[PDB]
Amino acid sequence: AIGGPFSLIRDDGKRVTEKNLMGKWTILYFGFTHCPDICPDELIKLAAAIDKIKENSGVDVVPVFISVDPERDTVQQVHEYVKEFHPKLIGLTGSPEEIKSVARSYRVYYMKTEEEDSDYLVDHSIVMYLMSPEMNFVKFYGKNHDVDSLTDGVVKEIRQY
Ligand SMILES: [Cu+]
């Protein structure tokens, strides 16, 4: 299946693995803090989806932001960024090699794009992964989903699992 072991650094400075995410339903979003529109929109969608899922099903789903820009996105940078969207949003970062291993595992494309206004941007896969409480992949959610189609979907999966 899509995913596998990782050793990353959480927004609090603690070193984590896939085992630190176990025990709760999880949604993983790969992004970068310097993203102008895509990532802020997707996370806003995710944060509002987290709350709607809870209201409708009673299930606490943990949103997870994984950085595809480790050169700029430090622990302090990721921490400050994640706190803006939802109080329950975990931020994961690491070494460019650590990030390479986890993106590979999740089949995520990421490539630095030179920019004049930004120093550069990271071109990447606009993806969400609904992992279960035993960290096994359940469903994928693309850019085309709205808060309602994400909520409805996640809620449908949880009940059938
Ligand atoms: Cu982005």
# chains A, B, ... in the order shown; residues from 1 in each chain; ligands from 1
$ residues_near_ligand --ligand "ligand 1" --cutoff "9 Å" --atoms "only C-alpha atoms and all ligand atoms" --output "VMD selection string"
chain A and resid 30 to 40 42 68 121 to 126
$ closest_atom_pairs --of "stretch 12-116 of chain A" --to "stretch 144-152 of chain A" --cutoff "6 Å" --atoms "only C-alpha atoms" --output "JSON lines"
{"residue": "A:45", "atom": "CA", "partner": "A:147", "partner_atom": "CA", "distance": 5.4}
{"residue": "A:49", "atom": "CA", "partner": "A:151", "partner_atom": "CA", "distance": 5.3}
{"residue": "A:53", "atom": "CA", "partner": "A:151", "partner_atom": "CA", "distance": 5.3}
$ write_last_selection --atoms "C-alpha atoms" --output "compact mmCIF listing (two decimals), in the first residue's frame"
# COMPACT_ATOMS: atom_id res chain seq x y z
CA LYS A 45 -10.73 23.21 3.64
CA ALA A 49 -13.58 19.46 7.28
CA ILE A 53 -16.56 15.37 10.50
$ residues_around --residues "residue A:159" --least-positions-apart "2" --cutoff "12 Å" --atoms "only C-alpha atoms" --output "ChimeraX atom specification"
/A:25,53,56-59,132,152-157,161
$ write_last_selection --atoms "N, CA, C and O atoms" --output "mmCIF file, in the first residue's frame"
data_model
loop_
_atom_site.group_PDB
_atom_site.id
_atom_site.type_symbol
_atom_site.label_atom_id
_atom_site.label_comp_id
_atom_site.auth_asym_id
_atom_site.auth_seq_id
_atom_site.Cartn_x
_atom_site.Cartn_y
_atom_site.Cartn_z
ATOM 1 N N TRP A 25 -7.796 8.444 13.644
ATOM 2 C CA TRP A 25 -7.958 8.646 12.188
ATOM 3 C C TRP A 25 -7.162 9.901 11.831
ATOM 4 O O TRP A 25 -7.240 10.912 12.556
ATOM 5 N N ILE A 53 -16.655 16.815 10.249
ATOM 6 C CA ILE A 53 -16.555 15.374 10.499
ATOM 7 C C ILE A 53 -16.951 15.113 11.964
ATOM 8 O O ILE A 53 -17.836 14.285 12.207
ATOM 9 N N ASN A 56 -20.695 15.777 12.696
ATOM 10 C CA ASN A 56 -21.543 14.807 12.004
ATOM 11 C C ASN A 56 -21.372 13.350 12.411
ATOM 12 O O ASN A 56 -22.351 12.604 12.347
ATOM 13 N N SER A 57 -20.135 12.924 12.761
ATOM 14 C CA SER A 57 -19.828 11.535 13.131
ATOM 15 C C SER A 57 -19.463 11.308 14.599
ATOM 16 O O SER A 57 -19.647 10.198 15.115
ATOM 17 N N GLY A 58 -18.881 12.335 15.223
ATOM 18 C CA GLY A 58 -18.375 12.283 16.589
ATOM 19 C C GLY A 58 -16.919 11.847 16.663
ATOM 20 O O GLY A 58 -16.368 11.745 17.760
ATOM 21 N N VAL A 59 -16.283 11.582 15.490
ATOM 22 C CA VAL A 59 -14.888 11.117 15.357
ATOM 23 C C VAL A 59 -13.882 12.272 15.255
ATOM 24 O O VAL A 59 -14.020 13.147 14.395
ATOM 25 N N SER A 132 -5.932 5.362 8.653
ATOM 26 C CA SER A 132 -6.783 4.866 9.733
ATOM 27 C C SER A 132 -6.074 4.875 11.133
ATOM 28 O O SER A 132 -4.905 5.286 11.199
ATOM 29 N N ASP A 152 -18.227 14.377 3.958
ATOM 30 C CA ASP A 152 -19.101 13.260 3.574
ATOM 31 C C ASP A 152 -18.335 11.983 3.295
ATOM 32 O O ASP A 152 -18.719 10.922 3.789
ATOM 33 N N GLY A 153 -17.270 12.114 2.506
ATOM 34 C CA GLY A 153 -16.378 11.027 2.153
ATOM 35 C C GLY A 153 -15.668 10.430 3.350
ATOM 36 O O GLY A 153 -15.775 9.228 3.583
ATOM 37 N N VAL A 154 -14.956 11.256 4.133
ATOM 38 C CA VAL A 154 -14.220 10.786 5.314
ATOM 39 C C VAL A 154 -15.177 10.069 6.270
ATOM 40 O O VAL A 154 -14.872 8.954 6.702
ATOM 41 N N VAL A 155 -16.366 10.680 6.521
ATOM 42 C CA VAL A 155 -17.413 10.149 7.400
ATOM 43 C C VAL A 155 -17.905 8.775 6.889
ATOM 44 O O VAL A 155 -18.009 7.852 7.696
ATOM 45 N N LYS A 156 -18.106 8.614 5.554
ATOM 46 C CA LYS A 156 -18.535 7.358 4.917
ATOM 47 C C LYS A 156 -17.511 6.247 5.136
ATOM 48 O O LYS A 156 -17.879 5.132 5.513
ATOM 49 N N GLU A 157 -16.232 6.560 4.917
ATOM 50 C CA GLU A 157 -15.122 5.639 5.095
ATOM 51 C C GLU A 157 -15.030 5.128 6.534
ATOM 52 O O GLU A 157 -15.037 3.915 6.735
ATOM 53 N N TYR A 161 -15.353 1.221 7.930
ATOM 54 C CA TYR A 161 -14.077 0.641 8.346
ATOM 55 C C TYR A 161 -14.224 -0.085 9.669
ATOM 56 O O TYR A 161 -14.442 -1.291 9.676
#
$ select_by_dssp --residues "stretch 53-152 of chain A" --states "strand (DSSP E or B)" --output "count of residues only"
30
$ closest_residue --among "A:63, A:143, A:22, A:129" --to "residue A:3" --atoms "only C-alpha atoms"
A:129
$ atom_distance --atom1 "atom CA of residue A:44" --atom2 "atom CA of residue A:92"
17.5 Å
$ closest_residue --among "A:50, A:89, A:158, A:102" --to "residue A:8" --atoms "only C-alpha atoms"
A:102
$ closest_residue --among "A:134, A:47, A:96, A:29" --to "residue A:84" --atoms "only C-alpha atoms"
A:47
$ residues_around --residues "residue A:91" --least-positions-apart "2" --cutoff "8 Å" --atoms "only C-alpha atoms" --output "PyMOL selection string"
chain A and resi 10-11+64-67+78-79+82+89+93
$ write_last_selection --atoms "C-alpha atoms" --output "compact mmCIF listing (two decimals), in the first residue's frame"
# COMPACT_ATOMS: atom_id res chain seq x y z
CA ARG A 10 7.17 17.42 14.70
CA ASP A 11 6.32 21.19 15.06
CA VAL A 64 -1.22 16.43 9.41
CA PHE A 65 0.83 18.95 7.37
CA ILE A 66 4.08 17.38 5.90
CA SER A 67 6.54 19.87 4.40
CA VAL A 78 6.13 24.96 10.52
CA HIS A 79 4.93 25.51 14.16
CA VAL A 82 0.18 25.21 11.44
CA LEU A 89 -2.99 20.53 13.11
CA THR A 93 9.35 18.46 8.72
$ residues_around --residues "residue A:62" --least-positions-apart "5" --cutoff "9 Å" --atoms "only C-alpha atoms" --output "ChimeraX atom specification"
/A:21,24-28,50,88-90
$ select_by_dssp --residues "stretch 75-114 of chain A" --states "helix (DSSP H, G or I)" --output "PyMOL selection string"
chain A and resi 75-82+96-105
$ residues_around --residues "residue A:94" --least-positions-apart "4" --cutoff "9 Å" --atoms "only C-alpha atoms" --output "list in words"
residues 7, 8, 9, 10, 67, 70, 73, 74, 75, 98 and 99 of chain A
$ write_last_selection --atoms "C-alpha atoms" --output "short mmCIF file (atom, residue, chain, number, x, y, z; two decimals), in the first residue's frame"
data_model
loop_
_atom_site.label_atom_id
_atom_site.label_comp_id
_atom_site.auth_asym_id
_atom_site.auth_seq_id
_atom_site.Cartn_x
_atom_site.Cartn_y
_atom_site.Cartn_z
CA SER A 7 11.34 9.43 10.85
CA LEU A 8 10.38 13.12 10.89
CA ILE A 9 10.49 16.10 13.33
CA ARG A 10 7.17 17.42 14.70
CA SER A 67 6.54 19.87 4.40
CA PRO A 70 12.68 21.53 4.38
CA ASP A 73 10.29 25.24 6.57
CA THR A 74 12.08 24.76 9.92
CA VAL A 75 10.40 23.47 13.16
CA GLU A 98 14.04 12.38 5.42
CA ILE A 99 11.44 14.38 3.35
#
$ atom_distance --atom1 "atom CA of residue A:139" --atom2 "atom CA of residue A:113"
29.0 Å
$ closest_residue --among "A:2, A:100, A:14, A:72" --to "residue A:118" --atoms "only C-alpha atoms"
A:72
$ decode --residues "stretch 42-76 of chain A" --atoms "N, CA, C and O atoms" --output "compact mmCIF listing (two decimals), in the first residue's frame"
# COMPACT_ATOMS: atom_id res chain seq x y z
N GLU A 42 -6.30 24.60 0.75
CA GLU A 42 -6.42 23.18 1.05
C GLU A 42 -6.47 22.90 2.53
O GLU A 42 -7.27 22.08 2.98
N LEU A 43 -5.63 23.63 3.31
CA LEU A 43 -5.61 23.50 4.76
C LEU A 43 -6.82 24.13 5.39
O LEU A 43 -7.36 23.55 6.33
N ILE A 44 -7.29 25.28 4.86
CA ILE A 44 -8.51 25.91 5.39
C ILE A 44 -9.66 24.89 5.22
O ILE A 44 -10.37 24.62 6.20
N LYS A 45 -9.77 24.28 4.00
CA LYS A 45 -10.73 23.21 3.64
C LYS A 45 -10.61 22.06 4.64
O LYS A 45 -11.61 21.67 5.22
N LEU A 46 -9.38 21.57 4.87
CA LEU A 46 -9.09 20.49 5.81
C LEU A 46 -9.50 20.81 7.26
O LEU A 46 -10.13 19.98 7.90
N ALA A 47 -9.17 22.02 7.77
CA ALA A 47 -9.49 22.43 9.12
C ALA A 47 -10.99 22.47 9.31
O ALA A 47 -11.49 21.92 10.30
N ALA A 48 -11.73 23.05 8.34
CA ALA A 48 -13.19 23.13 8.42
C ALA A 48 -13.81 21.75 8.27
O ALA A 48 -14.84 21.49 8.89
N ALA A 49 -13.15 20.85 7.48
CA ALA A 49 -13.58 19.46 7.28
C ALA A 49 -13.43 18.67 8.61
O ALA A 49 -14.39 18.00 9.01
N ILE A 50 -12.29 18.85 9.33
CA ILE A 50 -11.99 18.24 10.64
C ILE A 50 -13.13 18.48 11.62
O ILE A 50 -13.62 17.52 12.22
N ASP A 51 -13.59 19.75 11.71
CA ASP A 51 -14.70 20.19 12.57
C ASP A 51 -16.05 19.64 12.13
O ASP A 51 -16.85 19.26 12.98
N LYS A 52 -16.32 19.61 10.82
CA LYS A 52 -17.58 19.09 10.29
C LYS A 52 -17.72 17.59 10.53
O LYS A 52 -18.77 17.15 10.99
N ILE A 53 -16.65 16.82 10.25
CA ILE A 53 -16.56 15.37 10.50
C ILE A 53 -16.95 15.11 11.96
O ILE A 53 -17.84 14.29 12.21
N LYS A 54 -16.31 15.86 12.93
CA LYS A 54 -16.57 15.71 14.36
C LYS A 54 -18.03 15.99 14.70
O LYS A 54 -18.62 15.22 15.45
N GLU A 55 -18.61 17.06 14.12
CA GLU A 55 -20.01 17.44 14.36
C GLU A 55 -20.98 16.35 13.87
O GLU A 55 -21.94 16.04 14.56
N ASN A 56 -20.70 15.78 12.70
CA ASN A 56 -21.54 14.81 12.00
C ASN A 56 -21.37 13.35 12.41
O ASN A 56 -22.35 12.60 12.35
N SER A 57 -20.14 12.92 12.76
CA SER A 57 -19.83 11.53 13.13
C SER A 57 -19.46 11.31 14.60
O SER A 57 -19.65 10.20 15.12
N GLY A 58 -18.88 12.33 15.22
CA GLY A 58 -18.38 12.28 16.59
C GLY A 58 -16.92 11.85 16.66
O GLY A 58 -16.37 11.75 17.76
N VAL A 59 -16.28 11.58 15.49
CA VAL A 59 -14.89 11.12 15.36
C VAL A 59 -13.88 12.27 15.26
O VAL A 59 -14.02 13.15 14.40
N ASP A 60 -12.84 12.23 16.10
CA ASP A 60 -11.74 13.19 16.05
C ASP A 60 -10.74 12.71 14.98
O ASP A 60 -10.18 11.61 15.09
N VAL A 61 -10.61 13.49 13.91
CA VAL A 61 -9.68 13.19 12.83
C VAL A 61 -8.53 14.17 12.96
O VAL A 61 -8.77 15.37 13.15
N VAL A 62 -7.27 13.67 12.92
CA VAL A 62 -6.09 14.51 13.10
C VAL A 62 -5.55 14.99 11.77
O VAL A 62 -5.08 14.16 10.98
N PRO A 63 -5.55 16.32 11.51
CA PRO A 63 -4.94 16.81 10.27
C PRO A 63 -3.42 16.85 10.46
O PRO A 63 -2.93 17.18 11.56
N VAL A 64 -2.68 16.44 9.41
CA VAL A 64 -1.22 16.43 9.41
C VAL A 64 -0.64 17.16 8.18
O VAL A 64 -0.82 16.71 7.04
N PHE A 65 0.12 18.24 8.42
CA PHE A 65 0.83 18.95 7.37
C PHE A 65 2.28 18.41 7.28
O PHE A 65 3.00 18.47 8.27
N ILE A 66 2.70 17.85 6.11
CA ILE A 66 4.08 17.38 5.90
C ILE A 66 4.73 18.30 4.89
O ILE A 66 4.18 18.50 3.81
N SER A 67 5.84 18.91 5.25
CA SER A 67 6.54 19.87 4.40
C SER A 67 7.36 19.27 3.29
O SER A 67 8.16 18.36 3.54
N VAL A 68 7.19 19.80 2.06
CA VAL A 68 7.98 19.43 0.87
C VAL A 68 9.03 20.54 0.59
O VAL A 68 9.63 20.57 -0.48
N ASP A 69 9.26 21.43 1.60
CA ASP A 69 10.26 22.50 1.53
C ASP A 69 11.09 22.56 2.81
O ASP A 69 11.06 23.59 3.49
N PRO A 70 11.89 21.50 3.13
CA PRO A 70 12.68 21.53 4.38
C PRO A 70 13.76 22.62 4.49
O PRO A 70 14.23 22.89 5.61
N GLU A 71 14.18 23.23 3.35
CA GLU A 71 15.23 24.27 3.36
C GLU A 71 14.77 25.54 4.05
O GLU A 71 15.59 26.21 4.68
N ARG A 72 13.46 25.87 3.91
CA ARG A 72 12.86 27.09 4.48
C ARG A 72 11.95 26.79 5.66
O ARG A 72 11.87 27.58 6.61
N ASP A 73 11.25 25.67 5.57
CA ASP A 73 10.29 25.24 6.57
C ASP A 73 10.97 24.48 7.71
O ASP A 73 10.99 23.25 7.75
N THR A 74 11.47 25.25 8.68
CA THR A 74 12.08 24.76 9.92
C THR A 74 10.95 24.41 10.93
O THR A 74 9.79 24.75 10.69
N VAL A 75 11.32 23.80 12.08
CA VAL A 75 10.40 23.47 13.16
C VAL A 75 9.60 24.71 13.58
O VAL A 75 8.37 24.65 13.59
N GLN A 76 10.29 25.85 13.85
CA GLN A 76 9.69 27.12 14.28
C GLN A 76 8.78 27.70 13.21
O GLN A 76 7.72 28.24 13.54
